Every structure is written in structure tokens, then in C-alpha cells.
2 protein chains.
Amino acid sequence: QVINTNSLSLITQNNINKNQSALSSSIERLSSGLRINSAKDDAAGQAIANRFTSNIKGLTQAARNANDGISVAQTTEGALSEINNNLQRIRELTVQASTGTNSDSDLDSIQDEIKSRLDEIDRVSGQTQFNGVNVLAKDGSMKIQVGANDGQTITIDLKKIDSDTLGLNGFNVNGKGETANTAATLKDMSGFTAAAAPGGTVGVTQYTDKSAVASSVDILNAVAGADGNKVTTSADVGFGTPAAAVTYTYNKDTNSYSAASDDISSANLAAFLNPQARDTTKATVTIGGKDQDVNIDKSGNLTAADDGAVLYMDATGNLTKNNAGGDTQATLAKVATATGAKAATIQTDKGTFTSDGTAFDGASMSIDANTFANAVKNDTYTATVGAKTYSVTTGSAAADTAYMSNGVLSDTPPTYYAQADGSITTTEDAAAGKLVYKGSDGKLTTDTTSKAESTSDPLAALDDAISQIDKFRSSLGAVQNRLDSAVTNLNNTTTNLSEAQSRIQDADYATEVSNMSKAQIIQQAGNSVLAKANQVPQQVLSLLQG
Amino acid sequence: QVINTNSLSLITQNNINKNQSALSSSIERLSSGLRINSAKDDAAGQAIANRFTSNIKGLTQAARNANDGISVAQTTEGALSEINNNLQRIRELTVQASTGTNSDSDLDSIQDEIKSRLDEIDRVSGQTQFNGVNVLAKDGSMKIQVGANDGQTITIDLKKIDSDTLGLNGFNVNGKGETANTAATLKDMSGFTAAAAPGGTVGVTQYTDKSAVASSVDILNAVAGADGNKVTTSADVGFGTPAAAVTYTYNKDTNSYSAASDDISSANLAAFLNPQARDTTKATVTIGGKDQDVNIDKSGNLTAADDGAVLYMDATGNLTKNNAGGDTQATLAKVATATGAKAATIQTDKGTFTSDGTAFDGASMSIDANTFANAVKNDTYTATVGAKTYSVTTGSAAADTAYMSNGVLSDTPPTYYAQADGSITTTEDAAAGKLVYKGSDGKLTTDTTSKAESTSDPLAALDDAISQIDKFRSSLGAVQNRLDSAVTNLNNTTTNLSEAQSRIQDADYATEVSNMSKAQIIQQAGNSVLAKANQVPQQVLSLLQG
């Protein structure tokens, strides 16, 4: 009974408006097929779906990468298998070649063919490549990404395999083999004669090969060869040049000989620490509880270890370091007596030094071996070796008690005894002695055999190469099995995660068709009731009778 | 008969007003489709509908959660199946390798592949994940919400599965396999404490393991192991028992220690040459340029080296040896002064001897090493080794400068530095040090591996590991079926509750359309009767006749 200013059709319109959102959402949900289409839905679901999608894509790419790794491992394994076949053939040839019934032509032919197959192995090692990467040319590792998160990879170990790595660097089966050596040749013994015969046997004559006097450098090599020997010398370069003390003993412990000397170097620091005309050395000086780092050059200015800081000596009565003192300029000469008075130390890397008075007392010097030999090659010394004492006085073998053996220094010359029957034996009694032989190198070596230039133990070396290649092949096989397992895992995981993500997205149409029917029926009923509502007002017109 | 002041239409308007509310309610109900739209209807019904709606939504979301739990269980089960297959292959390989017809190379290959697959098991254990959650990395539990009200959950048990948990920590069938060692374990360092920190770093504390003082016998094996060392000792058995001279130095050259001593053994030959109570030793005596062979027993009769010839000492004025002399009987005491006066030698195999006066001068003695060690185990000596000097005074490590390292004697004790972060390093600066480890043996070795003898009953251990993983698989299966049953129950319950809530809301349209029709018809009737009511009054105007 009101003029449309309180009409009830507004309620119907509002209800239709409330329905329209559900209608639109239902139709759109049918169209997409995914429950979550924008942030208006459960945004947490959207984020979880996005994370799941990223995981699934990364997992699939990782699976493809693992397959690629399997392929590269397969190529490498095939190459290794044929290399193994070649090595087995070479071993078979070597087994053939060991028989003594073969002429030098036969051995040469076998060597030619073996060299051919070794070059074949080298070639196939260099040749094999997989997409610009040489599998067998370098001892690297290859990382295979099979996981979604960074840092999770599988490593394939690759070794450089060739003739050098497998060994034998030229198998060389064709060298001149086992050869019998020639006899004693009594006439060749032109050494010093002596009928001493300490056993008194009338039928033996002792021959000594003199002129084997070792040189001084030989003495130095002998002492340097062994570790832990003793050498006493005077008149050394740098330290010991005044030679106030003679017994230094140089304390050879592990490496280039050390030393120990009393107050002798006071002015020799520049000569020692600066071998050349412009050398400068780092050193550490402390007064006691005050560790300061300094540079020493030609016994001149004690330049501070800073970039360009220059230290000045000051503090008369204390004699410490200060960059900004107000007295005379610092030099090594006076700081020597300063340290002697204050009982400090100036120890450096190549020698720990202290002073009492006006001269440095060396403690733990360490002179270079080559320089030491160059300095004392022509002076007197009593260098000793294990359980032996050797004397040298301004000339090699002053006492004439050092003799050069085959390769070692001995106090006794090579003694050769000549027997009555023309043989030469190392000892008087023929029951012992191992009658000496001659041949192919001189020096009258006491063996019946000359070294054969062929490979020493060919079969063992070839079996070692076979073992190496088979270990490599086993490594590749284990890696291949592990990658196959990784692929199976990653497939199962990506399937499960795909279903998981499907449970969050991907709205069930079974519910959505019924929801659409709801929305459409409500919309139709609402529009019709809106019509029925707006057909009401004209009753007031009917009342007016106009 | 009244002019609108007692109007008869008022009841008509009032009745139309009453029915208008019903008409509007019917139209609105038809538009919405729900029986209750606001509190004007049965409010208790509205509250009940709200509660049912909340319950239905909660149950649906719980069903989705249950599905997610099923998916994660499936992924875990797949990973466990892969691990189980790997373990089966390990068992098969172990059964193969138990046979005694195999060489060390075959065992090496088998152990290599077993180790490879064990590392594969560990990798698949570590890298398996479900949406940022590692199922097999911890012994945790995951709660799945399947109910509408808080606290109603289902728990899934997860166990940490890896090579450590299953046991055997390196299956190690071949031998010389590797097991991981433990960490620094700062708390175990019970050695002597020293905050000295020579580098001055505040955060470093130096710990030294004291009580590592080597015994004197340890020094003896230390000196004896190396060849050519120096040992200075007095108060020795036999030679040096009077200890007239102290600096012997024992001249170790190649083997059991030698010696060099002045005239001290004059009467000590009987004890020294005859360690037991009746021993006899052969000897060679020469009065110069002319050798004679003799036997010595307890300094008594100088029996000739013949079968039974007995030598007596003779020749006053020359002091010769005659097997047919004509003077008094021979004793070593008398021949001692004979040789001392006449400058002869009695050099033997185990010692070169001469005498001047009435006492023998030893030159090239050779004492047995074991007898030496037993003799000087509890006396003062200053034995030295390569470039080192050691002092002992009536007791092991008198100077307290001897410390027993891992296997060698060093002048410095074992130095361990503990870092601020709880790590223990061999050096103060963390850049170096090779952070120390422990494990399986103590002694704090700087190794990541400690050996382990193969196993006891390998197949039993593999079987127990299989049983563990199989039990885990069964547990996951029981839980997974649990969740399937829960999903079925939730679906049935939410369907029933949805049908329940629908029966309270959702007004029957069958009665509602009839209500609309009745309201509309009665409304038109009311409007028309209102018009007819308004058509009545003008009969009074008809009365007025104007």
C-alpha cells in the first residue's frame, strides 16, 4: 500500500545478487577443472599446489639427468671393455714370446705387433668422447643432479687410462735378453800387487785396485746421502770465518746441515744474512715480552717490518724500539751491544741469535748444503759417517784412508785375490769367495748375469694392468646400478607427489555439476519471484478506480 | 451513513496488511530456497544448521588431511622397498663371498660393490623427502587430524633408517674395510692443563697428556732400532765394572754395541769371556808377527787349541809359549804381565786385546745388546739418538725431557690445543691443525677411519636388518589401512550429516509454491474488496440530491 519506496522486490534482487557469485564461481570451476583459480579461494592451497608443481618439475628434470649419466657411463664402460680385450691379447702374446725356441726375427715381429696394439690402446684412450667431454683423458669427477634441491648430486669418478697410467711405458719384449758373462780374465787385473796373503797360503797373490781415492765432493755426497751424520769443520763462510772456535759439529739432523757457534759473527751478520749485493731479510727481535718485527739489510738501518716504517734506536739504558725517537739513527752494529747489555734476542727464521756483550751468539743456524760444500771443498775437516771416522786436511783423503767402492765410500780398497788355477776370488779359501766375473760394464762385477733390457716381470705387470682396468669397470658398474635405483626412486616419488598435488587442486566435477544445478534453479526461481513481486504494486491503482 | 469517519474500509486495509507479511515471506522463501533465512524464523533451527555446517566442513577437510597422510605413507613405503631390494642384493653377495674358493682379488671386488650399495642405501635414506619433510631422517611421529574437534588425531611412527641404525656400520666381509671414527670429544681430554697459549690467542687452551714418561728400556729399544747411534755409559758388567774410565761411547756401527776402554780388565777376563760358571772360549795369542792358537778358561790354564795339548807359560826374559816348556804353569794373570811387558796381543774374535804393564787394553770389544740392556737398565747414562741428546741418571727420564709418543721417543710431550668452539686442533690457528678425532682405539689418532676385523656371523646381522625394515613396512601398512578405513568412515558420516542439515533448512518448495499462490489470490481478493468497500459511501451524496 506504499508507492515502491518500501517495495519488497529489493529483497529478491539482493537474493539474486547473492546467488550470482555462486553461479559464476561454479561455472568457472567447471571450466577450469581446478578448485583453486585465484587468491579468492584458499590461498594456502594455491601456495601448496605451486610448491608441489615446482617439486614435480624438478624431479622429472632430475630423472632425465640421471638417464643421461647412465648413458655416459655406458659409453665409458664399452670403451673400457675393448681396452681390456686388447690387453688380454697382449698378455697372450707375451706368454707366447717367453719361450727360448724363438729367433730374433720372431721376437721382433711379436714386438712390432705388441707395439701396434699398445698404440691402439693409447688411441682409443684419447679418442673416446661424450658430447665434447673426454671420459678417459683426465682424473676428474662428474656430478649428476638427481635431486630437486641444490647441492644433492651423484659423483662419477673417471680415471685417465693410457699406456703411461697402466704402466710399462713401452712394453719392450724384444730387447737383448739373458746373456752369459765372460770369465775372470786374470790378465786384466792391472791393479797394485801385494803378496801379503794374510792367511799365509803360498799359492795366492793379493791384488788391490789403487787410484780409487775419493774426492772431497765424494765425501760430502756420502755424508749428505745418509741422514743424521756428523761433520766437524773450521774456516767456514759467514759463520766461522774468524774461526775463533773450531768444533762446530754442524748437528746434521734431518736436512741441510745446522750449526752452533759462540760469539764470532758480531760484524759478519751482513755478510751472512745478505749473500748478494742488495739482499734484505726479515727477522724478529724482542727485548723480552716485547715482540717486534724488523727488517735487516747490510747491517744498516733496522727498517721496521711495516711498508716503509724506519725504526730508530733509542731509550738509553733500556734500548727498545721506537719509530719516533729523538736520537741517532739505528744500525745493527750498536744494537748488537745494546742486546748484549740488555740480554735480548734477535732470532730469525734461519738461525736463533742472542748476544752477551758486543757479539752475537748463534744457537740454531742452518746453512745451505750446496753453499757449505762450495765453501769447505778445500779446507780441513773430520767429517764422519755411520760408525766410521774420516779425516780430510786441505786435500781429499789426507790420511789416505778413504777408498771409492762400486757406489759407496769404504775405508778398505777393493781386494781381489788371484788363485793358483788362474781364477780370481774375493776371498783366499776357494770354498768361499764367489769367483769374480767380468763383462759388459767393466768394474769386474761379481755376478754371472747382465741385466736384460726386456721388461723384468712382464706377466705380473700385465696382470696388474688388468686388475686396474677391472677395478675401474667395477666402479662404473656399481655407479650404474646406483643411478638406476635413483631413477626408479625418483619416478615413484614424482608419481606420489603428482597424486598429492591432485588431491588439493582439481575440483571434483561430481559436486560441481550439482552446485551448478543449485545455482541455476535458484536464479530462475528468484527471477520469477521478482516478476511476481513487481506485479503487485498496481493494486493501489486498482483501488483508485481511475 | 457517515462521511468516512467510521469508515468500513479500515478492516480491509488491516487484513491486507496482515496478509502482506505472509506474501513477502513466501516470495523470499521461494527466492532463497532455505526454510530459515534469519532469526525471525525458528532461531534454534538456525543455530543447529550453523553447527551442522561447521561439522560438515570440518569432516571434509579432515578427509582431505587423511588422504594426504596416505600419500606420504605411500612415498615412505616405496623408499623402504628400494632399501629392502638393496639389502637383499647385499645378502646374496655375502652368500656368494662366504665360499672359500675365492682369492683376495675377488673378495676385493665383492667388498667394493657391497660398499657401493651400502652408500647407495645411505643416500636413498638421506635424500628421500615429502614436501620439505624427511621421513627417514629422524625417529619422529606425525599426527594426522581426521576429526572435527581438536585433539582427535592419528599418529604415524617414523624411524631413522640408515647404515648406522640397521647396524654393522660397514659390513666389511673382505676385511680392511673402513668404519667412521668419532668426534673430538673435548670432555675426554683429562691431561695436564696449560693456558700458556704461546701464540697469545685468548680463546685457545693447551692441554698436554702427561704421565707419558718413557722407561729406560724404552730408550734402549729407541736407540737400538736406529743404526749408528751413540751411547755413553759407566758401571757396566765385565768391562767398565771398576769404571776407571767413564766415556766409552760404545761405538755402535752396524749391530750389537761395541766399546773401547783402557786398561781395566786385567783380572776381569775370567768373568767376561766366561759368562757362565764353566764356559770355555777359543783365543788367538801372538807375540808379534807369529800367530799361536790357544784356549782360555776362567783365567786359568791357557790350554792349547789342540785336542788335549796343555800349554804352560815359560821363557823368563822372552815370555814365550811352549807346548813343551820347562818352567812353571800358565795362568792368564801371569801372561797378562808377560804381554804387558813384551808388547804382544791376545786378540780374540769377540774383542781385540793388548796390554802394557800388568793390564789389558781393549780396542774393539763387542757386548751383546740384550746383556747390555739388562746391565744398564738402572744406571746413569747419556744415550743419544739422531740429532738428539737424552740424559738418564739412575732412573728413567732423570731430566724429565723424555716423553713416549705414539711409537717414537720425542723430547716434547703430546700437545693438544682446544678451540673456542669446542673443537680440538693440533695447532692454534684453525687454518692448519687437521682437527683431531678419536675412535675404536683411543690414543686420539688424527684419522677418520679405524680398522675392524670382518664380522661374526654376517648372515645373522643381515637377517636382523631385514627383520627391522620388514617390521617397519608392516607398521606402515597397518597405519595405511587405518587411514583408508578412516576415509570411508568420514565419507559416510559427512554424507549422513549433510542429509541431516538439509532436512532442517531447505524449505519444501511443494508447500511454498502453494503458499505463494494462496497469498497472491487472497491479496487480489483483498484489494478488490477494498475497492468495493470504497464504492459504498456516496449513497449519502445520492441522498443529498445535489
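Residues numbered from 1 in each chain as written, not as in the entry; some residues may be left out. Chains lettered and ligands numbered in written order. Heavy atoms only, no water.

Attention now goes to the overall build of chain A. Along the backbone of chain A there are 11 helices and 18 strands. Taking 24 Å as the expected radius of gyration for a compact globule of 546 residues, we find that chain A reaches 49 Å, considerably beyond that expectation. For chain A, the accessible surface area stands at approximately 29,800 Å², while carbon and sulfur atoms represent 49% of it. Taking the average location of the 41 positive side-chain charges in chain A and that of its 59 negative ones, the two points are 11 Å from each other. (Helix = DSSP H or I, 4+ residues; strand = E, 2+ residues; numbered from the N terminus. Rg over C-alpha atoms; globule rule 2.2 N^0.38 Å. Areas by Shrake-Rupley, 256 points an atom, 1.4 Å probe, with all protein chains shown as cover. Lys, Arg positive; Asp, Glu negative; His and termini not counted. Charge placed at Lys NZ, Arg CZ, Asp CG, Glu CD.)

Moving on, we come to the sheet that holds strand β4 (residues 205-208) of chain A. Residues and elements named next belong to chain A. Read from one edge of the open sheet, four strands run β3-β4-β17-β18, paired in antiparallel fashion. The open sheet is flanked by β3 (192-194) and β18 (424-425), the only strands paired with a single partner. Alignment of strand β17 (residues 415-418) against β18, held across two bridges, turns out to be antiparallel. In the strand pairing of β18, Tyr417 is matched with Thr425. (Pairing = 2+ DSSP bridges.)

The next thing to look at is the interface of chain B and chain A. With 40 residues of chain B at the contact, the number on the chain A side is 41 residues. Carbon and sulfur atoms supply 51% of the area that chain B and chain A bury against each other, a total of about 3,700 Å² over both sides. Contact with chain A buries surface across chain B, with B:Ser31, B:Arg64 and B:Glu82 losing the most and accounting together for 16% of the total. Where chain B meets chain A, there are one salt bridge. In this structure, A:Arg482 engages B:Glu120 in a salt bridge whose closest nitrogen and oxygen atoms are separated by 2.0 Å. Summed over the shared surface of chain B and chain A, the number is eight residue pairs in polar contact. Broken down by secondary-structure element, the contributors of at least two residues to the side of chain B that touches chain A are α1 (10-32), α2 (43-97), α3 (104-127) and α10 (509-534) of chain B. If one sorts the elements of the side of chain B that touches chain A by residue count, α10(B) sits on top with nine residues. Classifying every residue of the side of chain B that touches chain A gives nine nonpolar, 21 polar and 10 charged. (Contact = heavy atoms within 4.5 Å. Buried area = accessible area lost by both parts, 1.4 Å probe. Salt bridge = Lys/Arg side-chain N within 4 Å of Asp/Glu carboxyl O. Polar contact = N/O pair within 3.5 Å; in protein donor to acceptor, adjacent residues only side chain to side chain. Nonpolar A, V, L, I, M, F, W, Y, C, P; charged D, E, K, R; others polar.)

It is worth spelling out a nonpolar patch on the surface at this point. Among the surface-exposed residues, A:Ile3, A:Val540 and A:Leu541 lie close enough to one another that they form a single nonpolar patch of about 280 Å² accessible area. Judged by its relative accessible area of 34%, A:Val540 falls in the partly exposed class. (Patch = residues over 30% accessible without salt bridge, like charges linked within 9 Å, V, L, I, M, F, W, Y side chains within 5 Å. Buried < 20%, exposed > 50% of the residue type's maximum accessible area, 1.4 Å probe, protein only.)

It is worth spelling out the domain arrangement of chain A at this point. All names here are of chain A. Parsing chain A into structural domains produces domain 1 (1-36 + 508-544) and domain 2 (37-507). Here domain 1 and domain 2 have C-alpha centroids that lie 94 Å from each other. Every contact between the two is made by 10 residues of domain 1 and, on the other side, nine residues of domain 2. With both chains or domains summed, domain 1 and domain 2 bury close to 890 Å², and 49% of this area falls on carbon and sulfur atoms. Where domain 1 touches domain 2, the interface holds one salt bridge. Across the salt bridge formed by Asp41 and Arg29, the nearest N and O atoms sit 2.6 Å from each other. For the pair domain 1 and domain 2, the number of links is seven residue pairs in polar contact. Listing elements by their share of the side of domain 1 that touches domain 2, those giving two or more residues are α1 (9-32) and α10 (509-534). (Domains from an automatic or database assignment.)

This part covers the sheet that holds strand β5 (residues 205-208) of chain B. Residues and elements named next belong to chain B. Taking strand neighbours across the sheet as the criterion, the four strands line up as β4-β5-β18-β19 in an open arrangement whose pairing is antiparallel. Whereas interior strands pair on both sides, the edge strands pair on one side only; in this sheet they are β4 (192-194) and β19 (424-425). In this structure, β4 lies alongside β5, joined through three bridges in antiparallel fashion. Looking at β5, one finds that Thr193 is bridged to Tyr207.

Our next topic: the side chain of A:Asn496. Summarising the element assignment, A:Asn496 is placed in helix α9 (residues 458-504). In contact with A:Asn496, other than residues within four places in its own chain, are B:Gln74 and B:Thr75.

Residue and element names in this part refer to chain A. The topology assignment puts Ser265 in the loop between β5 (258-259) and α6 (269-273). Classification of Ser265 as buried rests on a relative accessible area of 2%. Discounting chain neighbours no more than four positions away, the residues touching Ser265 are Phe239 and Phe360.

Next up on the list: the pattern of salt bridges. As enumerated under the stated definition, the model contains 23 salt bridges over all chains in all. A:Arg123 is the salt-bridge partner of A:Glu120, the closest N and O atoms lying 2.5 Å from each other. You can see A:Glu120 and its partner A:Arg123 sitting in helix α3 (residues 104-127), three residues apart, about one turn around the helix. Take A:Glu120: its relative accessible area is 28%, and that puts it in the partly exposed class. A:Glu499 serves as the salt-bridge partner of A:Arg503, at 2.6 Å between the closest nitrogen and oxygen. Residue A:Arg503 and its partner A:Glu499 are located together in helix α9, separated by four residues, close to a single helical turn. Salt bridges linked by common partners bring A:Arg482, B:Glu120 and B:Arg123 together as one network.

Here the focus is the nonpolar core. With 45 residues, the main nonpolar core has B:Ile83, B:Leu87, B:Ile114, B:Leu136 and B:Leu483 as its most contacted residues. For this core, the secondary structure elements donating two or more residues are α2 (43-97) and α9 of chain A together with α2, α3, β2 (153-157) and α9 (458-502) of chain B. Ranked by residue count, the leading element in this core is α2(B), at 11 residues. Sequence-distant contacts of B:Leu136, that is, excluding residues within four places in its chain, are made with B:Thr76, B:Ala79, B:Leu80, B:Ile83, B:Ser125, B:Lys159, B:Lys160, B:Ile161 and B:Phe472. (Core = buried A, V, L, I, M, F, W, Y, C linked by side-chain atoms within 4.5 Å.)

What follows is about the environment of A:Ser485. Among the structural elements, A:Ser485 can be located in helix α9. If we ignore the near neighbours within four places in the chain, the residues touching A:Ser485 are B:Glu82 and B:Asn86.

Next up on the list: the environment of A:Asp447. All names here are of chain A. By the secondary structure assignment, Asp447 is in the loop between β18 and α9. Residue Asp447 is classed as partly exposed on the basis of its relative accessible area of 31%. Between the alpha carbons of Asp447 and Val436 there is a distance of 7.2 Å; along the sequence they are 11 residues apart. Ignoring sequence-local partners within four residues, the contact set of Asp447 consists of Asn181 and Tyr437.

Right, let's talk about the packing of aromatic side chains for a bit. Applying the stated criterion to the full structure yields 12 aromatic pairs over all chains. For the ring pair A:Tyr257 and A:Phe372, a centre distance of 5.8 Å and an interplane angle of 85° mean the geometry is edge-to-face. Remark: A:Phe372 occurs in helix α8 (residues 369-376) and A:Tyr257 occurs in the loop between α5 (216-225) and β5; sequence separation between them is 115 residues. Note on B:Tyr248 and B:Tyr250: the rings are 5.7 Å apart at their centroids and 50° apart in plane angle, and the pair reads as tilted. Residue B:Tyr248 is classed as buried on the basis of its relative accessible area, which comes to 4%. By relative accessible area, B:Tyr250 is classed as buried at 3%. An aromatic cluster of three or more residues is present, and its members are A:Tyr248, A:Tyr250, A:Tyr257 and A:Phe372. Positioned above the aromatic ring of A:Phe272 is the side chain of A:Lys350, whose terminal nitrogen or guanidinium carbon lies 5.4 Å from the ring centre. (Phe/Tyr/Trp six-rings, centres within 6.5 Å; stacked < 30°, edge-to-face > 60°. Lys NZ or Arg CZ within 6 Å of the ring centre and 35° of its normal.)

As a further point, take the pairing of β2(B). Residue and element names in this part refer to chain B. The alternating pattern of β2 places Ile154 and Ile156 on a buried face, while none of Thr153, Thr155 and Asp157, on the opposite face, is buried. Bridging between strand β1 (residues 141-145) and β2 involves five bridges; their strand directions are antiparallel. Bridge pairing in β2 links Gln145 to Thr153.

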